[PDB]
Amino acid sequence: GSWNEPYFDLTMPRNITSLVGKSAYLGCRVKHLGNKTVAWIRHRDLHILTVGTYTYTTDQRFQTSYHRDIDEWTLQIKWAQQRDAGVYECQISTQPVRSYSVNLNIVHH
Amino acid sequence: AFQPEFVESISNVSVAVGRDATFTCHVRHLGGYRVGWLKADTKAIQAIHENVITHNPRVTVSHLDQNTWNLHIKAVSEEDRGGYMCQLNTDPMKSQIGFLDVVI
Ligand SMILES: *[C@@H]1O[C@H](CO[C@@H]2O[C@@H](C)[C@@H](O)[C@@H](O)[C@@H]2O)[C@@H](O[C@@H]2O[C@H](CO)[C@@H](O[C@@H]3O[C@H](CO)[C@@H](O)[C@H](O[C@H]4O[C@H](CO)[C@@H](O)[C@H](O)[C@@H]4O)[C@@H]3O)[C@H](O)[C@H]2NC(C)=O)[C@H](O[C@@H]2O[C@@H](C)[C@@H](O)[C@@H](O)[C@@H]2O)[C@H]1NC(C)=O
Ligand SMILES: *[C@@H]1O[C@H](CO[C@@H]2O[C@@H](C)[C@@H](O)[C@@H](O)[C@@H]2O)[C@@H](O[C@@H]2O[C@H](CO)[C@@H](O[C@@H]3O[C@H](CO)[C@@H](O)[C@H](O[C@H]4O[C@H](CO)[C@@H](O)[C@H](O)[C@@H]4O)[C@@H]3O)[C@H](O)[C@H]2NC(C)=O)[C@H](O[C@@H]2O[C@@H](C)[C@@H](O)[C@@H](O)[C@@H]2O)[C@H]1NC(C)=O
Ligand SMILES: *[C@@H]1O[C@H](CO[C@@H]2O[C@@H](C)[C@@H](O)[C@@H](O)[C@@H]2O)[C@@H](O[C@@H]2O[C@H](CO)[C@@H](O)[C@H](O)[C@H]2NC(C)=O)[C@H](O[C@@H]2O[C@@H](C)[C@@H](O)[C@@H](O)[C@@H]2O)[C@H]1NC(C)=O
């Protein structure tokens, strides 16, 4: 179709809870990505984690995977800990930027 | 631990509307680590290493050497005002912020 700017699937969960010691998965679905990129950023310190499937952080627990059938960019926090709880942002490199923010709770039980 | 470290604070910048601005992140022992730039108030990623990420056409990067990493904002507007964070992918991450003042 006609060229579109990218937009988020606004039904993706924005409040996620996951277990200490297991992988946490944070999902972001971007339609019509085109030539932009999808990045994941950690709100508490503004640390860049991933851009596309490239991992910037050297905390090797972070990895972003692209699932092409659902246009999903899923941030995986392997071996998640309580200190990993908080807000993360999926960010499309438009100008101005477009963001989808997801809160993560990490619990033992 | 021969880890990267900042050599001095990012200088702040005051620049008239329409002129060009440069932020410089001064580091030592960068090694294989990579300098990222982001805009602190919007959280927008500007660049990582030699790759501009933002599709803002006015944003470029350069390096003079391994110690000296620049973010360039051409023809600054009022919307460019605010903090620009230099970030290193050390573990834990290290960062500094410099601020752009746009004068009319
Ligand atoms: C670049 O500018 C920064 C500030 O920019 C302004 O503020 C931001 C938020 C934005 O609005 C901009 O548009 C503005 O221009 C500088 O960072 C500031 O540095 C000053 C120090 O000079 C900090 O101040 C302290 O503030 C504390 C509370 O916030 C106070 O408790 C503290 O008071 C104690 O210490 C002083 C001595 O410094 C004593 O005199 C007091 O009696 C008391 O004991 C200070 O007043 C201010 O908080 C900083 N702002 C931010 C957002 O960090 C920046 O300066 C650099 O960064 C700081 C952290 C220091 O390391 C400086 O040495 C360093 O140069 C400017 N950068 C440069 C290179 O000048
Ligand atoms: C999809 O994005 C592609 C990549 O964009 C660049 O990279 C991203 C990460 C982001 O940084 C963007 O801001 C970047 O532009 C687009 O391909 C790039 O297009 C730009 C132009 O939009 C090309 O650039 C220019 O190249 C010229 C030489 O060929 C230079 O003369 C020129 O300098 C002038 O222009 C800039 C404005 O950007 C001024 O600020 C300067 O002062 C100076 O006057 C630029 O360097 C860049 O080379 C392209 N990248 C590649 C790898 O080719 C792509 O754009 C489409 O394709 C390109 C080839 C052009 O034909 C575009 O018109 C066209 O739209 C985007 N695609 C779509 C569909 O939007
Ligand atoms: C975001 O999610 C937090 C925890 O996960 C939820 O709890 C599960 C029981 C289930 O619903 C799961 O699907 C959810 O994702 C909520 O915090 C929890 O709130 C409960 C009470 O409802 C409280 O007993 C827990 O201690 C608390 N857990 C944590 C880790 O804080 C959030 O609710 C908000 O925050 C709470 C502290 C409380 O003030 C509540 O009223 C708030 O709505 C969820 N936030 C939102 C905006 O929904």
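The numbers here are math on the coordinates, done by the rules we state, and not lab data. We place every Cβ from the backbone using ideal geometry, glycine too, and count neighbours over all the protein chains shown.
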(request) Can you tell me which residue within segment A:97-109, out of those that are away from chain B (no Cβ under 14 Å) and surrounded by fewer than 20 Cβ atoms within 10 Å (Cβ to Cβ), is nearest to ligand 1 (Cβ to nearest atom)? (result) A:103
(request) Being part of a strand (DSSP E or B) and without any contact (Cβ under 8 Å) to a residue 40 or more places away in the chain is the filter; apply it to segment B:4-34 and report the residue that is surrounded by the fewest Cβ atoms within 10 Å (Cβ to Cβ). (result) B:8
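Right, residue A:38: touching a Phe, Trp or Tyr at 6+ places or on another chain (Cβ under 6 Å) and within 14 Å of chain B (Cβ to nearest Cβ) or not?
yes
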(request) All but one of (1) touching a residue at least 40 places away in the same chain (Cβ under 8 Å); (2) more than 30 Å from residue B:3 (Cβ to Cβ); (3) more than 11 Å from chain B (Cβ to nearest Cβ); (4) over 13 Å from the mean Cα position of the chain (by Cα) hold for residue A:94, so report the exception by its number. (result) (3)
(message) So, residue B:17, is that one farther than 30 Å from residue A:87 by Cβ and either in contact with a helix residue (DSSP H, G or I) (Cβ under 8 Å, 6 or more places away or on another chain) or within 16 Å of ligand 3 (Cβ to nearest atom) (or both) or not?
(response) yes
(request) Identify the single condition in (1) more than 9 Å from chain B (Cβ to nearest Cβ); (2) over 11 Å from the mean Cα position of the chain (by Cα); (3) not hydrophobic (A, V, I, L, M, F, W, C) that residue A:43 does not satisfy, given that it satisfies every other one. (result) (1)
(request) May I ask you to list the residues in segment A:2-53 that are of a type outside the set (A, V, I, L, M), within 14 Å of ligand 2 (Cβ to nearest atom) and either surrounded by fewer than 18 Cβ atoms within 10 Å (Cβ to Cβ) or part of a strand (DSSP E or B) (or both)? (result) A:2, A:3, A:4, A:5, A:32, A:34, A:35, A:52
(message) Consider segment A:67-86. How many of its residues are farther than 19 Å from residue A:11 by Cβ and within 14 Å of the chain's Cα centre (by Cα)?
(response) 6
(request) Tally the residues that are on the phi > 0 side of the Ramachandran plot and among the small types (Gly, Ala, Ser), restricting the search to segment B:27-46. (result) 1
(message) Looking at segment A:54-95 only, could you name the residues that are of a type in the set (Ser, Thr, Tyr), assigned to a loop (DSSP other than H, G, I, E, B) and either out of contact with any strand residue (DSSP E or B) (no Cβ under 9 Å at 6 or more places or on another chain) or farther than 19 Å from residue B:37 by Cβ (or both)?
(response) A:58, A:94
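Of the residues B:63, B:72, only one is away from ligand 1 (no atom under 16 Å from the Cβ), surrounded by fewer than 16 Cβ atoms within 10 Å (Cβ to Cβ) and part of a strand (DSSP E or B); which?
Going through B:63, B:72 in turn, the sole match is B:63.
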